[PDB]
Structures are given as C-alpha cells and as structure tokens.
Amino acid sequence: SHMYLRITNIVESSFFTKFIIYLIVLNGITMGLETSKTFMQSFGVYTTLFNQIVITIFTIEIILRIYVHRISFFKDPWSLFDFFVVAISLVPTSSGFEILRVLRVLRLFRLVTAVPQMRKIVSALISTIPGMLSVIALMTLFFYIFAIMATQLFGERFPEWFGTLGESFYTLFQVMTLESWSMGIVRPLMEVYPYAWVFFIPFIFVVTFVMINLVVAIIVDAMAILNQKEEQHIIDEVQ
C-alpha cells in the first residue's frame, strides 16, 4: 500500500521501540518518585501531566501497532498484554474503584514486552508451566479436599483460621510455606484438638513431597530429551 507501508516502516523501526523503551523507563522513574509526598507537594502536577502524555503516546503506539499487525496483534500475548495494561491505564481515576489507579503501574511491565532480552526469559519461565498444569491440578484438588476437612474440624473453635473454606485455603497455603505452621497454627489447634497433628504433619508431607518431585521431574525429564537428542545424533553418523 501507501499510507499503510508508511506507518509500518515507522512502527517496525528501531527508533520506535527505542522511543517506547525510553518513555517506559522515564515513566518508571516517575512512578517511583510519585510515591514520595515531598516530591508530590513540589513537582506534583509535572508528573500527572507527564503520565497523561505517555498514556496517549502508548494508545497511539497501540493503535498504530494494530493497523500494522492486523489479526496477528490480537493473537500475540505480548501485544495482548500491552493492550490490556494501557486499557487499564485509560479508565479514568473517577470511580468507586481507586485500585485501577494503582494498576497503572503494570504499564512498567511493558519493559518486558519491549526488550527482547526479557521476553526470552519470561518465555523460558512460562514454558515450564504447561507440563506442570497436571500436577497443579492434583495439588489444587488436594488443597480443596483438606480445606473442606479443616473447615469442618477446626472452623468452629478457630474461625479466623478455618471458619470458612476460603480461610482454610489461605491457612493451608500458609502451612505449605511452613510459615508459623506449628507455633502459630497447629500448636494452638492442639490445645483444643490434640490429634490435629494427624491432619497437618501428613499435609506437610504430601505437599512438600509433591513440590520436590515437581522440581525433580522438571530437571530429570528435561534432560532425558537432551540425552536422546544426543542418542540420535550419535546413531546418525554410524550409518
């Protein structure tokens, strides 16, 4: 085309991404100083302006990127993310939900989607999640079953920790982290239900024994592959 390809050469240019990566870091320092109320009393409106500027520059950048990339933009996770963290940044501060004014900061994660060094890492870390979804399901069911049981056993005399399935979910996650599991939870529990240890010591055993085997499988299974991709390139040459 003509106007399309004129835009495309700008969007796909190094200066464009450099300019965005530039603005991202500039806004990043802006949001960190925005925490200090000394700075907000002094250089206050300077940054609300400079924030409102970058938001529209990012909307323009997203609009241009949509015209260039067409359906592929809405099938790219890094683009879909960039879309949503600016869409969040666009909903005005006026609402009965001031938490969206805090979700503004997620637009600093653009420095991941914009810098290909970070994307490579983030992709590598996420790439382990697919196989773990099956083990994640077993653990989530395990948690749900014990959270039912704990709510029924302990939620009566211990409402804060167990009086509700959601609380027992939180508390059991705290037991998984071993955070004050004994002194803070099980030992007070045992002052009323002496056999509560029969519930939690196995829970700590299963939960831990799975987390370990999850990591062990991640290592040993990833490397039977390299031990067969080598087992193949060696039989390649003797034939």
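The numbering used is simple: start at 1 and walk along the sequence shown.
**Q** For the C-alpha atoms alone, is the average B factor greater in 51-59 or in 209-217, going by the entry?
**A** Result: 51-59.
**Q** On average, are the C-alpha B-factors higher in 185-193 or in 37-45?
**A** Between 37-45 and 185-193, it is 37-45 that shows the higher mean C-alpha B-factor.
**Q** Would you mind checking which of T140, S168, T93, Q152 has the top Cα temperature factor in the PDB entry?
**A** If I rank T140, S168, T93, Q152 by C-alpha B-factor, first place goes to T93.
**Q** Of the choices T164, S127, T113, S134, which one's C-alpha carries the largest B-factor in the record?
**A** Within the set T164, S127, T113, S134, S134 shows the top C-alpha B-factor.
**Q** Considering every modelled residue of the chain and its Cα B-factor in the PDB entry, is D82 in the lowest, middle or highest third?
**A** According to the entry, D82 has a C-alpha B-factor in the chain's middle third.
**Q** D76: which third of its chain by C-alpha temperature factor?
**A** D76: CA B-factor falls in the middle third of its chain.
**Q** Could you say whether, by C-alpha temperature factor, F97 belongs to the lowest, middle or highest third of its chain?
**A** As the PDB entry reports it, the C-alpha B-factor of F97 lands in the highest third of its chain.
**Q** Looking at the entry's B-factor column for C-alpha atoms only, identify whether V68 ranks in the lowest, middle or highest third of its chain.
**A** Middle third by C-alpha B-factor.
**Q** Would you please rank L172 by its C-alpha temperature factor against the other modelled residues of its chain and give the third it falls in: lowest, middle or highest?
**A** Ranked within chain, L172 CA B lands in the lowest tercile.
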